[PDB]
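Q: pasting the first chains of the complex, positions unchanged:
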Amino acid sequence: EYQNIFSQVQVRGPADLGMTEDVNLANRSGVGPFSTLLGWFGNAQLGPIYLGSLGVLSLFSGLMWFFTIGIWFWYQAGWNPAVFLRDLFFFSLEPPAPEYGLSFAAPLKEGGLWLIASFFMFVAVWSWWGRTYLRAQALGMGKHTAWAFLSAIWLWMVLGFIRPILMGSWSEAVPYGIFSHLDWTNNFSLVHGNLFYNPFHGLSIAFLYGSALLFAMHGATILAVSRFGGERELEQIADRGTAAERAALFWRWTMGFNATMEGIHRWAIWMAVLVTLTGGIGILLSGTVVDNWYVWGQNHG
Amino acid sequence: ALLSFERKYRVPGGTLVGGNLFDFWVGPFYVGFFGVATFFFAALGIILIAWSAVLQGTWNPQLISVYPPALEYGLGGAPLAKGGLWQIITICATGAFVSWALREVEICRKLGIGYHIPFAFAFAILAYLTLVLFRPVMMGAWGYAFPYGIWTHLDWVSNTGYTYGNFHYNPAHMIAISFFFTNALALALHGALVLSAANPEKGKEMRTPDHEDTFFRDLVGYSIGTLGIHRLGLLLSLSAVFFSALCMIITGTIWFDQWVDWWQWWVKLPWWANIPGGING
């Protein structure tokens, strides 16, 4: 009994340069190498990639964010490479102290460098968002990827920008460090009277859970009907096959209702986007509207 | 009633136990022997939770809580009122979950499809059995198990976590979280991609899988492909739950101190342990 988790045989042909539509081919790179390792699990072809104005801006801006944090880590490590690797997880680029409020006047060593790194990150993510929209437009596809990415950006924006502004200081924002961003998360809950009493945190968990539930169900289902070409989802949408019928009936007979080949992808996009949508609201309301979720929960108001 | 295409699939056979005895449907629901076992275990479990509500003196669903035996009882049986009901409910829950999986196997056999779905569900059962059976037994008391109550089970999560300091520092917990976050990223992208191809700009033809591969190559220089993304989703979500089970089986057994202190293995490696500067010197 073959399970179809790994391919038994790889076949290779000419590098695929992709569909043209309204894409400016001048901005496409050449193909990269074929990976036999990747080819056991999915596609072997690396590249081409598309890199126009927004791509270069996003990539340079992203590297400047990453390097800015790195330079601070080196400074904290006293330029010793042994201390750098020893204390990597413990280094932290902290935002400005509460004193400085929402001013850009803080010195480099006490939150100025946090603001510079944050500026670079802000540009990197937003230009990357523009790129997800425009790459879809060039191919005549719907903007589903750009709208789904906006749900992730919402929670990020709330954590680093919108909530700090509404609280009146950058000190409320997340520090750039491995262990420090974990300590911040733990602290945020203690200070707001335990996020388990935040009903939006409860919903966010339900969707995070539900995303693993749904991708386990959907992935297992498509592998179970791959013996009838089930993973060819677009043609199964245009012209329902026995794959789509058996997939539906498995679930109808198990739990009393079922999806369509198109409809399961609507369940999928919404289960995932509701994670960061509900999450962002839960965080936005914490400290701005609700000081203590235990206390709020005792009144339900 | 039947889906328009359903009748041709409703043939006899595929049962694991009892031949044609339970080989029927009730509305959309397939029964089989494990349909009967599921109903029996679920009905018995619900009655025992009701009987627990009586002894506790509340019918409010947000207050009902069935607690395991106190630590003093160890791995022994306990009186119904103080942990026995929890023990019997836990056997009923295990029976209902395993029966549900084996019913999925019978449905797989009748439809001539692979067994990936019940195999995937078995990982969720493992996680449940880690918390209520494997960890308690290795620690020597049922009382380390979680209570069956909407809010009291969250109280248990909070108390169990903070027993070891900030539970963020459990390294298996870090890996589990990474798989949960990555799974949600991948599910959003997969749903978005297929819908963006099936529902293009107004008035344009349906896009092809070639457009889907092209979109991702343009965006990130790599497309895993249509088979690949379903393999990936299955692996991310099962990996999340595997590492979840692992992060709890090692907690209170091989490691029972603060998780933050575990990371001193790295800091105290001889070659950089004593060098001045940084955070840890």
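A: On my side now, so go ahead. Residues are numbered from 1 along each chain as shown, chains lettered A, B, ... in the order given.
Q: Remind me which helix or strand residue A:281 belongs to.
A: helix A:263-284 (DSSP states H and E).
Q: tally of neighbours for residue A:59?
A: 15 (other CB atoms under 10 Å in any protein chain shown). The C-beta positions use only the backbone N, C-alpha and C, and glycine is treated the same way.
Q: Wait, a strand at it?
A: No. Residue A:59 is assigned helix when assessed by DSSP: H, G, I helix; E, B strand; the rest coil, not a strand.
Q: Show me what stretch A:257-269 is in contact with.
A: A:144, A:148, A:214-215, A:218, A:221, A:233, A:236-237, A:240, A:244, A:247-249, A:251-252, B:3, B:28, B:187-188, B:190-192, B:194-195, B:198 (CB atoms under 8 Å, 6 or more residues apart in numbering or on different chains).
Q: In PyMOL, select just the buried ones from those residues.
A: Selecting the buried subset of the contacts of stretch A:257-269 in PyMOL, with 16 or more other CB atoms under 10 Å in any protein chain shown as the burial test, is done by:
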select buried, (chain A and resi 144+148+214+215+218+221+233+236+237+244+247+248+249+251+252) or (chain B and resi 28+187+188+190+191+192+194+195+198)
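Q: Could you measure from the residue nearest to residue B:13 when sequence neighbours are not counted over to residue B:120?
A: Among residues not flanking residue B:13 along the chain, residue B:110 sits closest, at 6.6 Å (CB to CB, 6 or more residues apart in numbering or on different chains). Look at residue B:110 and residue B:120: by CB to CB, to the nearest Å, they are 19 Å apart.
Q: Settle it for me: which of these two has more neighbours?
A: residue B:120 (24 against 21).
Q: Verify the stated contact: that one with residue A:215.
A: No. Using CB atoms under 8 Å, residue B:120 makes no contact with residue A:215, being 9.6 Å away.
Q: Which neighbours do those two have in common?
A: Joint contacts of residue B:120 and residue A:215 (CB under 8 Å, 6+ apart) are B:234, B:237.
Q: Spell out which parts of the stretch 1-150 of chain B neighbour chain A.
A: Residues of the stretch 1-150 of chain B lying close to chain A by CB under 8 Å from any CB of the partner chain are B:3, B:5-6, B:9, B:25, B:27-30, B:103-104, B:107-108, B:111-117, B:119-121, B:123-124.
Q: can you add chain C next? sequence is:
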Amino acid sequence: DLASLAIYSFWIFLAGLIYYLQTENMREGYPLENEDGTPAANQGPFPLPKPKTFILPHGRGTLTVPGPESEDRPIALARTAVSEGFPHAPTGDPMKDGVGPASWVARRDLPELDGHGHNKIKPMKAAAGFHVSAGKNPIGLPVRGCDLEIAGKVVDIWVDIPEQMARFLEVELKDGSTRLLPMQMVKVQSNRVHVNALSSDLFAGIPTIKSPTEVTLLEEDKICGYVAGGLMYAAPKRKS
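A: Adding chain C to what we have so far:
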């Protein structure tokens, strides 16, 4: 207070989203029918959505769903009981009749096209220059059935050009005709291809394709249906 207004608003949104999602998932297979094919009295609480139209590429027309549903094929089954909810027994050979796990759907008798309007799936012999890049090359291997008898030998791989993957093995039988086997239902071993689904005597019955260098969506369903059906219907001839 604002948090209370937000959570209440969220639950109303969530109820509307579930309504929208459920009605979108009724675009195929509804309305519900009785066992005799007549519309069922109880259709449930959700109404059928307003139709949507897909414009298919390469001038293949449109699909409007929901729309008139029919099997567009004879179903060789009979009731085993005088009340609803029991199995329907095959009246002939369920492998040949295409019922139960051997079922196929009357898909279009056209091949799936790639984004350029070319046949998606071709024999590797007609696909320049596709080749086996990794793993055991199955071409030339004998093909064994679940009765552990040799049914034929592999003479080619049929490849998805755009997705660069093996989809079918082309097997030559004792009479020099060929059949397609789905790649997902064979085990490639060092010295043979093993097929658990079918005994050697059931290979001749695999539905044939009408053109030697292409396979239609209809043909793929008949082939894949027939092979999966062997898990149940070839079980008497399966050794261990």
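Q: Check the nearest residue to residue B:13 one more time with chain C there.
A: Closest to residue B:13 by CB to CB, 6+ apart is residue C:232, at 5.7 Å.
Q: For the one you found, the count of nearby residues, please.
A: For residue C:232, using other CB under 10 Å, the count is 21.
Q: one step back: right, is the helix holding residue A:281 up against chain C?
A: Yes. Counting by CB under 8 Å from any CB, chain C has neighbours in helix A:263-284: A:263, A:264, A:266, A:267, A:270, A:278, A:281.
Q: Can I get those residues in JSON lines including neighbour count?
A: Output for these, formatted as JSON lines (neighbours: other CB atoms under 10 Å in any protein chain shown):
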{"residue": "A:263", "neighbour count": "20"}
{"residue": "A:264", "neighbour count": "24"}
{"residue": "A:266", "neighbour count": "21"}
{"residue": "A:267", "neighbour count": "21"}
{"residue": "A:270", "neighbour count": "22"}
{"residue": "A:278", "neighbour count": "26"}
{"residue": "A:281", "neighbour count": "24"}
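Q: now, which of these sits nearest chain C?
A: residue A:263 (3.4 Å; CB to the nearest CB).
Q: where do the helices sit along chain C?
A: C:2-24, C:94-97, C:217-233 (DSSP state H).
Q: hey, which of those is tucked in deepest?
A: Neighbour counts (mean count of other CB atoms under 10 Å in any protein chain shown) averaged over each of those peak at helix C:217-233, with a mean of 25.
Q: Pop the domain breakdown of chain C in here.
A: For chain C, curated CATH domains gives the domain ranges C:2-101, C:102-237.
Q: from those, which stretch is densest packed?
A: Most buried of those by mean neighbour count (mean count of other CB under 10 Å) is domain C:102-237; its value is a mean of 19.
Q: In chain A, what residue comes closest to chain B?
A: Counting by CB to the nearest CB, chain A gets nearest to chain B through residue A:42 (2.5 Å).
Q: how close does the closest residue to residue C:79 other than its chain neighbours sit to chain A?
A: Spatial nearest neighbour of residue C:79, chain neighbours left out: residue C:88 (6.2 Å); criterion: CB to CB, 6+ apart. Applying CB to the nearest CB, to the nearest Å, the value for residue C:88 to chain A is 14 Å.
Q: Quick check: the residue of the stretch 151-281 of chain B nearest chain C.
A: For the stretch 151-281 of chain B, CB to the nearest CB, closest residue to chain C: residue B:210, 3.3 Å.
Q: Many thanks, we can stop here.
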